[PDB]
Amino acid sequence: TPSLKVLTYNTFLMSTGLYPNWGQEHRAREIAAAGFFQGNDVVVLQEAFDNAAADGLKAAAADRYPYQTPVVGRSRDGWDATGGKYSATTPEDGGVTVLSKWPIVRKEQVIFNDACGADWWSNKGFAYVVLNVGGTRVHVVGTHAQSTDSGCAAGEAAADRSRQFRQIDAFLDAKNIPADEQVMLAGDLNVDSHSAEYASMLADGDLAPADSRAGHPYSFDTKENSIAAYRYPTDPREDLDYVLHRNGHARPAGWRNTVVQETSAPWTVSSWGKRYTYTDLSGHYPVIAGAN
């Protein structure tokens, strides 16, 4: 059971053609240089939507993380398989990519069968990678689950997240992964750890809770994170990002998820003839998982 350090980070790199003033190229470069980006074994990114900034980040990361997936949902190219409700015409990809210090033995993508609001119209889904680490295999699913979106009916977002977690569970079960091999789910799962949905997420994904969740209480801090506070000034702080092992599989003891509140040098953009300065590289905080 090789002990791995896993980062999950929502990068908030929206398409620059649609959103030219969100500092995407600046932040993508700065994310690859941030402290939380260094020293991991696996990195799972979400919202890497802008093709150029995502490509630049993946290139900037290639020295430390040479083995990488495409961004989920861009196309069928560069994957060993594509499953789920993939659309060839939809322009928006799922924004998820997995980067690894360790050789990738297999990589596939699966587009979610269930989604609502904005998520439905895009190729949101998950990446499945098998890594070769220390003489054995480690399985990682990287994803960005259904958001609590304006276009979803009341309760529909949570209902579709439940189906998304069970789709991942069913996918992993059908792989018949040996119990002595680790299986981790890493991503922005859009489930608040402080809410009742946390426990149903664990049951739906068949996930073991971390032995400890440490660091800052909120990986999506609408008060202390300067981007989240600008975009959602009246919404509660929540805690959405996880790396969790699968029940019944080998895993390190004392597995931790640490929410790391690392700020950035100020950067400024202009919008409607006003200047806005931020001190975070995204609206989320990175979560670093590993054996304590």
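From 1 onward, residues are counted along the sequence shown.
- Looking at mean Cα B-factors across 92-100 and 151-159, the upper value is held by 151-159.
- If you average the C-alpha B-factors over 260-268 and over 46-54, the higher value belongs to 260-268.
- Of the candidates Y9, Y278, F12, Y19, the PDB record gives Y278 the highest C-alpha temperature factor.
- The residue among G78, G187, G125, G205 whose C-alpha carries the highest B-factor in the deposited model is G78.
- Among the modelled residues of its chain, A28 has a C-alpha B-factor that falls in the middle third according to the deposited record.
- Sort the chain's modelled residues by C-alpha temperature factor and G215 lands in the highest third, per the entry.
- Remark: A199 belongs to the middle third of its chain, ranked by C-alpha B-factor as recorded.
- Per the deposited record, the Cα B-factor of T143 falls in the lowest third when ranked against the other modelled residues of its chain.
- In this PDB entry, the Cα temperature factor of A253 sits in the top third of its chain's modelled residues, the highest group.
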